[PDB]
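See below for the structure under consideration.
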Amino acid sequence: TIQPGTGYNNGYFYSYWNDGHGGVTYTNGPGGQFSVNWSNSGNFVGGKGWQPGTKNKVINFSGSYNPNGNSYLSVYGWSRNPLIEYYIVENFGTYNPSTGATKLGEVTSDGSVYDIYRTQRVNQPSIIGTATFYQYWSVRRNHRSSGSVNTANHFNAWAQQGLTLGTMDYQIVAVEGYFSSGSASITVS
């Protein structure tokens, strides 16, 4: 059981953030494993992966994901110059995070069609401070809690549609929750 922050565990980068509200337990396991157990949480994000990520990484993830409420399971990360927060969403609970966003295409990868969206965050927290920046989304139609993500298929499809990325920062498989309950146990490689 760990307290929010970032570091390296068993060769993997991890990041665990929460808004202080309580009701979240995050645990680093051996190798690429992490667990998240939450009950009437606030907002939180936690996972394992790489710092920095790359534009041609094939990310594998295996485990179980049981949300009760608003939660996502994603390949999640940032780029710099331009500043971009991006999500490849594999599963989610009661809220589809692309709701109300602008659809910018479709890409087929790793056994499913994904829908592509762009949203804008105005004067929100970021890896370089309060900023205004775009978010890019790929949302998998056929939900799953295990699989392989070929990131290059998404990054290239985004670029075709005008959604360009800069220099990669961290790149993790992440469980995100917003005032919900659930359990997840995921192993990354």
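All residue numbers here begin at 1 and follow the chain in the order shown.
Structure determined by neutron diffraction, 1.6 Å.
Any Cβ shown, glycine's included, is placed from N, Cα and C.
Features of the protein shown, as given by Swiss-Prot:
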- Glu85: active site, nucleophile (ACT_SITE)
- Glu176: active site, proton donor (ACT_SITE)
- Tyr72, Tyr76, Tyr87, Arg121, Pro125, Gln135, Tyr170: substrate binding site (BINDING)
- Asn37: N-linked glycosylation site (CARBOHYD)
- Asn60: N-linked glycosylation site (CARBOHYD)
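Structural mapping of features recorded in Swiss-Prot.
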residue: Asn37; record: N-linked glycosylation site; Cβ contacts under 8 Å, 6 or more apart: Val24, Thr25, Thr27, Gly182, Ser183, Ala184
residue: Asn60; record: N-linked glycosylation site; Cβ contacts under 8 Å, 6 or more apart: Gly147, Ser148, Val149, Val188, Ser189
residue: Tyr72; record: substrate binding site; Cβ contacts under 8 Å, 6 or more apart: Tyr87, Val89, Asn91, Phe92, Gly93, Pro97, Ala174, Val175, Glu176
residue: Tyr76; record: substrate binding site; Cβ contacts under 8 Å, 6 or more apart: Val45, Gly47, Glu85, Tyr86, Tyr87, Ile88, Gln171, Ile172, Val173, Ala174, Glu176
residue: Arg121; record: substrate binding site; Cβ contacts under 8 Å, 6 or more apart: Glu85, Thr132, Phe133, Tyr134, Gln135
residue: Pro125; record: substrate binding site; Cβ contacts under 8 Å, 6 or more apart: none
residue: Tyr170; record: substrate binding site; Cβ contacts under 8 Å, 6 or more apart: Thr6, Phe13, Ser15, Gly49, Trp50, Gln51, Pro52, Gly53, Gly77, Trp78
(request) Other Cβ atoms within 10 Å is the metric here; tell me which of the recorded positions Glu85, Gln135, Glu176 scores highest. (result) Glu176
(request) Have a look around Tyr87 (substrate binding site) and count the other CB atoms within 10 A of its CB, chains all included. (result) 23
